[PDB]
Structures are given as structure tokens and as C-alpha cells.
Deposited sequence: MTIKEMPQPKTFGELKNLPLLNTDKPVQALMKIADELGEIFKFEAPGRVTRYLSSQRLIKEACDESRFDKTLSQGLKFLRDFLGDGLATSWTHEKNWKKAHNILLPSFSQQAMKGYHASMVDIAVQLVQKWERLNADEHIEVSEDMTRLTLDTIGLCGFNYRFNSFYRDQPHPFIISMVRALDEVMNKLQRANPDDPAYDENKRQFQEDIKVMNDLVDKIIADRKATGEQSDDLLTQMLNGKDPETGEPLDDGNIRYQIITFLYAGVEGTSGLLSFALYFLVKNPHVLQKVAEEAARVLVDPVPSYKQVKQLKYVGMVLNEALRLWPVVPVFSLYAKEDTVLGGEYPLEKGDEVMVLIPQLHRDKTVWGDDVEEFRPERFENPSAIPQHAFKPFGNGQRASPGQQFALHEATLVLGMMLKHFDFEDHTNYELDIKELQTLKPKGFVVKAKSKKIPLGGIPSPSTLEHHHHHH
């Protein structure tokens, strides 16, 4: 039975000032590197424990001992995501119902139905890059976000955001990013009732209205005229026979569009970054892309044969898991690793970037980008790789995300050579999800028609 380490406290503010940064997850990684596999973190009125080792995280991932909790971050996201799937307690009224109703929208049959829409948007991206002049460059994170929002819009809702017909981000992206930024600010605010924050609160309500205005256009357009929206509006819970309430449906739509703005866009941006920084890996992916993608547009079967592209995407998720933390609570009194006693309700945070750098399960070379790590998935120890979370509360979008990401990276490397023309230094923007900031490249067309 050991005493848990804790970083510097600041009187009544406890540890809160340590995360007074634009990069709090990166700050928590530095604390983990100082204090080791577990440390206590206190803020006014709340305590959590950050886990960094596979040894402790494997116990946290035991669903008989631990269930999902909402971090302060996820609690604030309920301001516009409500009790959608991601921001619901496991035993809250709409979690199990929504989970059951939306399950067949991620079926193998659903995935085959989505492929044609993913190709539509991927073709738009390739055509944009083909039409750039010699003196121009690509804003990588920006164009990856255009693609992922358009893909979930078309695949999920038969709605065209038409992000490639806009120089600035779609108003929905502008408002969602501004809302996510306000939540990052709220996590650092000790005195939220201060009148100095009245303008912030007004702007927050305005951004929530813009997002709700778009949800109205998606529903109106469906009324005017078989996908995720069909299942939301018409699907009934097989257990109870009850459909989703109109209010919950709206929260689910914004939740799935949030997957469109953050997550897959981060992965694709991180993936291209690692490729331009590791030219031998880029050459290998370019060779696979050329060999497998023999048709003008990729088939479902051809995307499944892009094996090394899959390994590249997994190695991007290892180093920079784009959803970097998930939170759990002790269902009963328990002892973590035979050293740390927890009371019922005690909260733990899985620091995924630190888990993915645990030398005891990954070896010495944890900082090296080596997709060859994932040549044999079965050789990776249990609970050593958790970019999609854990158990019944794990990502339902894993297959969707990796299919989209494989298709896009495959086509990109089939159609273009890439130059890191500015010698870009990785700068990671944090919104409770991770994405490169200011990442720019030049593309050279291989002149292969679509």
C-alpha cells in the first residue's frame, strides 16, 4: 500500500494552475514523465488520478470493476451535446436506447453503403489539389477537416456541407471550434460567475444556436425529400419498442457531426506529418497505393488490401491518439495494482499518449515512427493500445474512421508526391481532441486521371 505522488499545489487552487496552458494534455504528459505511472490531480472541489502504465490501465479497463465517467471537459460538452452517446452516463435513460437503435448504422452492410459517398468526397479533395497553381501550398489540417465533415454529412445525413466550395471553414465548423475553445477556457476558470465572462457566455449561446440552426436544415431537407438519420427518425429500441425523443435525436446529430470536425481529421493530418518526416515510410505507402489502387476510383475490397496504410494509421494513433484521455469511476471499493486503494465513485483518467509510450509493452524505441510495429496485431499486449477507448463505451466509429482514413491516404499517395517545403515543426492544437496546427505541404501531381 503506497502513497500516490501529486505535483505542486497553489493554495485553494490546488493543481489547477499547472494546466493554465493552450496544451493541457501535453502538460499532463510532462507531469507523468516526472511522477511516473500514477499521480493525484486536485482542482477546487474535485480530485482525479492520471494512469500512464499498461500495468494499471489493464485493471482500469476491467468492466466488472470500472465504468465510464464524464471528465469536467465532457460535462461542459453536455451544454450542446446533451445526453448524446458520447456525453451520457452508461445508466442514463438514453444511452442503452440510443446504443441499440444506432447499432445497425455501423453494420457491415451499412459500411458498404457508405463507401460510394466516401469516394465522392475523396475525389473532390484530389481534384482540389490537382487544380492548385505552382506558387500555392496545402493547409493539411484544414483540408482534412473539409473532407471528414463532408463525409459524415453525406454518409450520415445525405446533406452536402460543400466545404470544398468555401475558402473559410463552414459556419458550423467556425461555431463548433469556438464552442470547443470556450469549454477549454471554462476548465481554467476558478470564478465562472465573474461578470467579465458575460461576453464569453453570450458568444457561447450564439455558437450553440448556429449548430442548432444547421441541425434544423438537415431535418428540414430530409422532410423535403436509408442512412444514420433514417435510423434516428424511424428506429425503435428492440427491447422496449420506444424510439428516440426529438430532443435526444438533435443531440445525436450534433454528436456525430462533432466526429466530423474532430478525430478522423486529426488522424489524417498526423499520418501525413509522419510520412513527410519519414520518407522511406512514404515510399513504401506510395508503392502499396500504386500496386492496389489499379482502378480510376477505389473499390471497398481494394481499401481492405491497403494493409501498410492501415499500419501507418495505427502508428499515427499510437504516438498522437486524437482523443487522448478517457475517464472511469470505481463501481465498488477496490485496490489498483495491489498498491492504491480506491473508494466507490473514485475517478481515474487513462492518459493514452503515455500508455502508448510505456517501454515495458512497446520496447525502447517508443518515440520512433515504425508502422512495422503493427505487422502482427496479436503480438501487442492486452490494453497496451487504446485509441478507441474501452468496452461497451468504446468508439462505434472505429471501422468507419479507419475505412475513410485508409481510402483517403491511399488516393492521396496514388495521385501526389509531397514536399515538407517549410521544414514544419509539429504544433498540436488541443480542444479535448488533438490536431496539428499550421501544417503546410506542397503536392506534385503524378498526372493519373480519376
### Task
Quickly check which stretches of the deposited sequence aren't in the model, judged by C-alpha, and list them in order.
1-2, 228-231, 457-472
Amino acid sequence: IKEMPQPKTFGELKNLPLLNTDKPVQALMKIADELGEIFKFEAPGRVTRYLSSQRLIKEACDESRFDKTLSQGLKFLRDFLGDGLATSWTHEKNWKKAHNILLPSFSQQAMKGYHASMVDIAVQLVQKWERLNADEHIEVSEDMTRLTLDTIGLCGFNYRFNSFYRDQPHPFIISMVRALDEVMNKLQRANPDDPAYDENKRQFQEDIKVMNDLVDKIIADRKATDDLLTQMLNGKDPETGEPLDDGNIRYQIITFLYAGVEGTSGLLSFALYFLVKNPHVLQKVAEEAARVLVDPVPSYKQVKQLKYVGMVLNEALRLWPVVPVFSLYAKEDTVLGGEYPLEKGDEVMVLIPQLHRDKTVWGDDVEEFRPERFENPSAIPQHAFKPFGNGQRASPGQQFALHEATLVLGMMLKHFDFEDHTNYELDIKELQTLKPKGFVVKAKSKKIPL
From here on, numbers count along this sequence of modelled residues.
## Note on the structure
Ranked by mean Cα B-factor in the entry, 348-356 and 331-339, top stretch is 331-339
### Query
Taking the recorded C-alpha temperature factors, which stretch has the higher mean, 270-278 or 106-114?
106-114
### Query
For the listed residues 165, 362, 157, 95, which one has the largest C-alpha B-factor as given in the deposited model?
362
### Query
When the CA B-factors of 199, 181, 130, 142 are compared as recorded in the entry, which is the largest?
199
### Message
Among the modelled residues of this chain, does the Cα B factor of residue 204 put it in the lowest, middle or highest third?
### Response
middle
### Message
Using the temperature factors of the C-alpha atoms in this entry, rank residue 151 within its chain: lowest, middle or highest third.
### Response
lowest
## Note on the structure
residue 44: CA B-factor among chain residues, third -> highest
### Task
Would you mind ranking residue 17 by its C-alpha B-factor against the rest of the chain and naming the third, lowest, middle or highest?
middle
### Message
Please say which third, lowest, middle or highest, residue 315 falls into when its CA temperature factor is compared across its chain.
### Response
lowest
